[PDB]
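Single-structure report; data block below.
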Amino acid sequence: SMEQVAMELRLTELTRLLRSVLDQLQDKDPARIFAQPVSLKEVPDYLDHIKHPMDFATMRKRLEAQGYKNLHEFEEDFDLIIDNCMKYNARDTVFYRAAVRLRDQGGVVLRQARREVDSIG
Ligand code: NA
């Protein structure tokens, strides 16, 4: 149907805007602390601590399969990145501090993205 195509054009355009959002979020992590999944070879206990791991490469794979139907879904995954790190790592660590900074800086980007998704529909 024609509706299904228009819908698909909206998903596709949302994917366009989310890709740009992702790239901007990833730039607030120049250290690349959040680029890849936590290695279970190097942190073998990780899944005892963290039930839903997340990282920017895993978000990107989902994005490119058009797996985010709305901004809310995308923000859930970004929040997992931050929130997982702030639980596993102590407050005095470079990891914890990197998550705080990402969250703060990410906030601005996400604030405007929400306006764009509402505005453009
Ligand atoms: Na903790």
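For region 53-94, enumerate the residues that are in a loop (DSSP other than H, G, I, E, B) and either within 16 Å of the ligand (Cβ to nearest atom) or exposed (fewer than 13 other Cβ atoms within 10 Å of the Cβ) (or both).
Listed by number, the residues that qualify are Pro53, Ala65, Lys69, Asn70, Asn89, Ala90, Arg91, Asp92, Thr93.
Tell me which residues, restricted to region 11-40, are touching a residue at least 60 places away in the same chain (Cβ under 8 Å) and closer than 14 Å to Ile81 by Cβ.
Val21, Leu25, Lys28, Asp29, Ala31, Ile33, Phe34
Scanning for something of a type in the set (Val, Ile, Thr), in contact with a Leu (Cβ under 7 Å, 6 or more places away or on another chain), touching a residue at least 12 places away in the same chain (Cβ under 8 Å) and under 19 Å from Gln36 (Cα atoms), does region 93-105 turn up at least one residue?
no
Being of a type in the set (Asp, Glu), in a loop (DSSP other than H, G, I, E, B) and closer than 26 Å to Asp104 by Cβ, is that true of even one residue in region 7-25?
From region 7-25, those of a type in the set (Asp, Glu) are 8, 13, 23; that's our starting set.
Checking which are in a loop (DSSP other than H, G, I, E, B) leaves us with none.
The answer is no; no qualifying residue exists.
For every residue, the table says whether it meets (1) closer than 30 Å to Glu8 by Cβ; (2) without any contact (Cβ under 8 Å) to a residue 12 or more places away in the chain; (3) touching a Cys at 6+ places or on another chain (Cβ under 9 Å).
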| site | (1), (2), (3) |
| --- | --- |
| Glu42 | no, yes, no |
| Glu76 | yes, yes, no |
| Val108 | no, yes, no |
| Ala113 | yes, no, no |
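In region 57-74, which residues are within 12 Å of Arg19 (Cβ to Cβ) and within 11 Å of the chain's Cα centre (by Cα)?
Scanning region 57-74 gives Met59, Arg60, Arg62, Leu63, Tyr68, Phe74.
Quick note: the coordinates plus some simple rules give every number you see, no bench work behind them. Heads up, the Cβs are rebuilt from the backbone with ideal geometry, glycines too, and the neighbour counts pull from every protein chain shown.
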